[PDB]
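One chain comes next, on its own, written out as structure tokens in the form deposited without the ligand.
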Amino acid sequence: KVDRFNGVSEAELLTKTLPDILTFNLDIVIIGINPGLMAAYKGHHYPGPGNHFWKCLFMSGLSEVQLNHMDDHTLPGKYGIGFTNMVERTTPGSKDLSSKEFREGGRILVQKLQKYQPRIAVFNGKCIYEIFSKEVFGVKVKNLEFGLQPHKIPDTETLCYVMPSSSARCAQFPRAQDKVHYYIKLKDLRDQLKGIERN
């Protein structure tokens, strides 16, 4: 046996959830798939020592310094960034989640986005946008692409932006460096929106 959670069982973590960090007037809401074990353990967003989220946020220039999971509550006020997940239930990986859980998450998610109305809904993972698109827009494309989506959240001006998951489980974008392009394009989209709005 290997002690990964400082004496806390995996079974206890599987019962924990991760709070949303949402406010009104946000530029960005990072939508994770669900909490992984370390996120359920810490009660903070993307604490995975290998998770690329905080590294990509810094390397892209979305944060001026390298931040970590303990900084997640400062993001709404300082950077205009919030957090939620498509699915509430904690699991080791995306593969443990059922189609029903994802669709229930999708309905709750669109209601949250319609309430907070961030400038950009950022899907941190292709898999959750695949479900969201079919469920909310009734659209299923053969080749779903990353980046800006051609659909706004219904009854809002909220854009949908898709990125490969920040999880290092994903072999197709093996390093933080391979995902940073999407974070840079996110920053550019944010800056472009703030330019049009300011007169």
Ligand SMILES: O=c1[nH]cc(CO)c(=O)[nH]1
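Quick note: we count residues from 1 along the sequence shown, nothing fancier.
Just so it is clear, the following notes concern the form solved in complex with the ligand, a form of the same protein that is not shown.
With a 4.5 Å cutoff on heavy atoms, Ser167 counts as touching the ligand in the deposited bound form. A residue is said to contact a partner when one of its heavy atoms sits within 4.5 Å of a partner heavy atom; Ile28 fails this definition for the ligand in the deposited bound form, lying far away.
Although the partner is absent here, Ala39 is a contact residue: one of its heavy atoms lies within 4.5 angstroms of the ligand in the deposited bound form. Proximity of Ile33 to the ligand in the deposited bound form: non-hydrogen atoms within 4.5 Å are present. Only one of 154-162, 61-69, 44-52, 141-149 lies within 4.5 Å of the ligand in the deposited bound form by heavy atoms, and it is 44-52. Contacts of stretch 64-99 with the ligand in the deposited bound form, defined by any heavy atom lying within 4.5 Å, are made by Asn85 alone.
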